[PDB]
Amino acid sequence: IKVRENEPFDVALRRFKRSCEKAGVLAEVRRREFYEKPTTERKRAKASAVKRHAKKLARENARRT
Amino acid sequence: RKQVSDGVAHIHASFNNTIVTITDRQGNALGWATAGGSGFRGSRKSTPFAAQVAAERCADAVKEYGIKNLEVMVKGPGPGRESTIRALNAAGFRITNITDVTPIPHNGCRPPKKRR
Amino acid sequence: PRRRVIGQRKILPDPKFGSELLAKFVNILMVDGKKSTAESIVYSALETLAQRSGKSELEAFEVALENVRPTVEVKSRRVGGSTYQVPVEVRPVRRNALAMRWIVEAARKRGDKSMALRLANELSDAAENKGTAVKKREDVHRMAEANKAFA
Amino acid sequence: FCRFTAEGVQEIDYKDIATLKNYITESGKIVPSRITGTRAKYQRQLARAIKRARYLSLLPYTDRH
RNA sequence: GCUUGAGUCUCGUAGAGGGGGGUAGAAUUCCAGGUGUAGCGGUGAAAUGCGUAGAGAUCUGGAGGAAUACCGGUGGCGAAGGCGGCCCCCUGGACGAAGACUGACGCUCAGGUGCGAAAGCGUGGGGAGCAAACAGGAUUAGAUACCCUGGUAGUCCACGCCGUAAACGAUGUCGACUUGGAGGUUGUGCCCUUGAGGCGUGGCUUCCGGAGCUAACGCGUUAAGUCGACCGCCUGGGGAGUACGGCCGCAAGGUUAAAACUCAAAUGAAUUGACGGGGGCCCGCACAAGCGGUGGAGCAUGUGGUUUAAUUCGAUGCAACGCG
RNA sequence: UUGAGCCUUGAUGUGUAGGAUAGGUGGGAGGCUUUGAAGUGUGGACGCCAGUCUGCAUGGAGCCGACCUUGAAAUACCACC
RNA sequence: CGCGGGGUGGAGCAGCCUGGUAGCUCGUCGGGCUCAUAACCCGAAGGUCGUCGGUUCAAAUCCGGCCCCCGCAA
RNA sequence: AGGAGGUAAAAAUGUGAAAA
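Per the PDB record, the structure was determined using cryo-EM to 3.4 Å resolution.

A. The arrangement of the sheet that holds strand β2 (residues 18-21) of chain B in detail. Residues and elements named next belong to chain B. The mixed open sheet is built from three strands, whose spatial order is β2-β1-β3. The open sheet terminates on both sides in strands that have one partner only, identified here as β2 and β3 (69-75). Neighbour-to-neighbour, the strand axes of this sheet turn through a mean angle of 25 degrees, independent of strand direction.

B. Focus on the arrangement of the chains. Pairwise contact counts over the four pairs of chains in contact peak for chains A and B. The two units chain A and chain C never meet; even their closest C-alpha atoms stay 16 Å apart. Between chain C and chain D there is no contact; the minimum C-alpha to C-alpha separation amounts to 29 Å.

C. Quick look at the packing of helix α4 (residues 92-107) of chain C against helix α5 (residues 115-127) of chain C. Residues and elements named next belong to chain C. Between α4 and α5, the least distance of the axes is 9 Å, while the angle of their chain directions is 130 degrees. In this view, α4 runs oblique relative to α5, as classed from their interaxial angle. Regarding α4 and α5, the two cross each other, and that crossing is right-handed. Taken together, the residues of α5 that come into contact with α4 (itself represented by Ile103, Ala106 and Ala107) are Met115, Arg118, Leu119, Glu122, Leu123 and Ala126.

D. Representation of helix α3 (residues 40-55) of chain D within the structure. All names here are of chain D. Helix length check: α3 (16 residues) gives 23 Å between terminal C-alpha atoms against 22 Å at 1.5 Å per residue, within 8%. Within α3, burial applies to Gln43, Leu46, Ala49, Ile50 and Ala53. In an axial view of α3, the angular spread of the buried residues amounts to 110 degrees, which keeps them on one side of the axis. Among the exposed residues of α3, those oriented more than 90 degrees off its buried face are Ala40, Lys41, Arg44, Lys51 and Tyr55. Close packing links the buried residues of α3 with α1 (17-20), β1 (24-25), β2 (29-30) and α2 (33-36). Phi turns positive one or two residues past the end of α3, at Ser57, with a value near 65 degrees.

Reading guide: rules and limits
Residues numbered from 1 in each chain as written, not as in the entry; some residues may be left out. Chains lettered and ligands numbered in written order. Part of a larger assembly, values for the part shown. Heavy atoms only, no water. Pairing = 2+ DSSP bridges. Helix = DSSP H or I, 4+ residues; strand = E, 2+ residues; numbered from the N terminus. Axes fitted to C-alpha atoms, helices over the stretch in contact; angles between N-to-C directions. Contact = heavy atoms within 4.5 Å. Parallel < 35°, antiparallel > 145°, perpendicular 65-115°, else oblique. Left-handed = near helix turned anticlockwise from the far one by under 90°. Expected span 1.5 Å × (residues − 1). Buried < 20%, exposed > 50% of the residue type's maximum accessible area, 1.4 Å probe, protein only. Arc of directions from axis to C-beta.

Now the structure itself:
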């Protein structure tokens, strides 16, 4: 929204956007709602997040290491 | 020309072009910038390099105008977005302010549906 | 060709003085395996470079190499969506061999007088930065640099 | 992950200027409960005070004026 | 007749519950000036569209209609459809600790009745954007196709009407009953409010899974577990949820609902292969880097083609062509 | 105010030869030198990107005309263009 | 009659105010990317640049006159 | 490593009869 710094900037140096969105809300909430499907795409990646959660608990077995 | 100190350059950065005429907060508009008029058609229209060569050719002969530092008001994504005005800072012409006004509504009127 | 690893091997030298890089230049112009013939003529090519310079062996050849020796390499690299030419660095394994392969290719054309008299031209075409070794190299340095976006 | 109503009774109102601006950010966003760890019923009250003070002009609807 | 069923009041809990009325800023954006250079534009690339009167672009000024970014969450409320900024108004239903009150008034339900996404339709408004029907440029062996620039009806509010859906957690409603783990969760009991709580209570909800059950998948205290109340529905597939008739509707159609004939299969779950322009990884000159060339051209062999009494024949997608 | 006509004039003119991006004609031979040079910092009118020219100037007072390859002279000078 | 313009492989369209190239595509031939067909990529036949004449190193182009046509008024 | 940004041209057919 604003990246100025005003005295010592001299370059862009914009990782504020790279750590937040950088194209996020502009390239997604520009159009195309559809009002029906995304929640499943939300939940499937949330199931992947659940799978990311489930795989972190099953780390400690032996692993030969 | 007019020989002033600073100015307010408003950049309408479209998905294809960082359109900016060297403007002011009073409407004084002199120096254009175009991502298609700087050549670079084909795949090169939405390329960052189209904007950067156009932005140096935007600040062309502006030393005679008196203007060195210019208030960038970038609006939209823009093909360059981080080098268009930065090479101008790398060349030396610093920025008084970069106000990246993202025109975010509260989701009012219905938006189109291109790319079916 | 995914994990090819080996140390660099050896080649045949020059029996006049101790020079490995200049002897590597000999093997490139050595074609069809008739090495002895052009090796005698790369010696006369060294002679005819010694008249347009008058300095030395590996200083006349060095000036005939430093105005030709590259630093960068052309390669088509995508960021994922589209292809474009980028100026990327060349490794010195190819670079040392790159410049010497060029003056050989510079003399493979222009076959007006003998091999000495052709490389008379190509070494001074190289010594004064006016050769096909470098003019074609000037095109690569201008086509890659004019479209640098990412590294 | 803070002191809440069970222990830290607190009026979530748009009158108290301090706590009202403690859950906002410069990018035009009320900070969600996913990181701050607030309680949900009070988060709805936390949600309401922003819309309330937006009418009072303590906080705008945008950030650039 | 009492009371654990059920029901009422009390008192607090939360909420896009319903509708009606204002409001505000942003946002594509039209009415134009300022000032201003040649493109804007779009993608696979190009282009019709579009601008030199000065568009894109530029900031200040003016006009709106229609929706509410973050909050927002497998979150809440409602029977479901479905409902989301703010604010007050009339108004829905549920929950909760604990009391007083009538004392089985209940549970389900053919018919009937109401509500009932969107689209469509009727009269009238309203129209900014989006976009059917409709125009064009190209990619194309075809374009009534993606991609691309315009645009009407519709979307719109009010009153009507239709009464269809993957109206679906594909599981009817009611109540009893049967190991748990781990999230979300709001009223709420005790203890040290000592401190981010300890210890529970229940409404409701999410996921993995126990016995059991299930064709299997999986469901799994919100069951598809164990039983009971009662309504509705199916009897192989196509024909067909159509025909005809009744009924309802302005119409579009909805609705109740076959038979003749035809076939001996239709299907569902799960298993092993094959393929995918399904996603990832390892890897052979495949690509990468150069070197040398078949192909050109002058000649030889081989086979086909074209001729001949024979110009044998077998090999002839990859594995035939200096092959036998 | 603009698009033309015409002024005092302001520039500009490469098969090929080339110190020279020379339109023909044309003539005599020094222009030039403090009514302040032969060089260059730098924007840039010219453009067939081949190349000189004008103003300012720390400096500061030098130079070539014919003579030469060219069908033609060398924006040294030059009448009409 | 006169302000103008147009004649270009078998046909269609740029080259013309700037001379140095006689070209862009259709139908025609084959060679290959596919396993076969198709979409596709290259080298080319063939035009008296309307004719004659004149300057120039050289002529489609820059000019003279004539044959043949089309937009308009005598 | 939890969050993130970033990602690729049109490509069609092969009608029959062969399960100890």
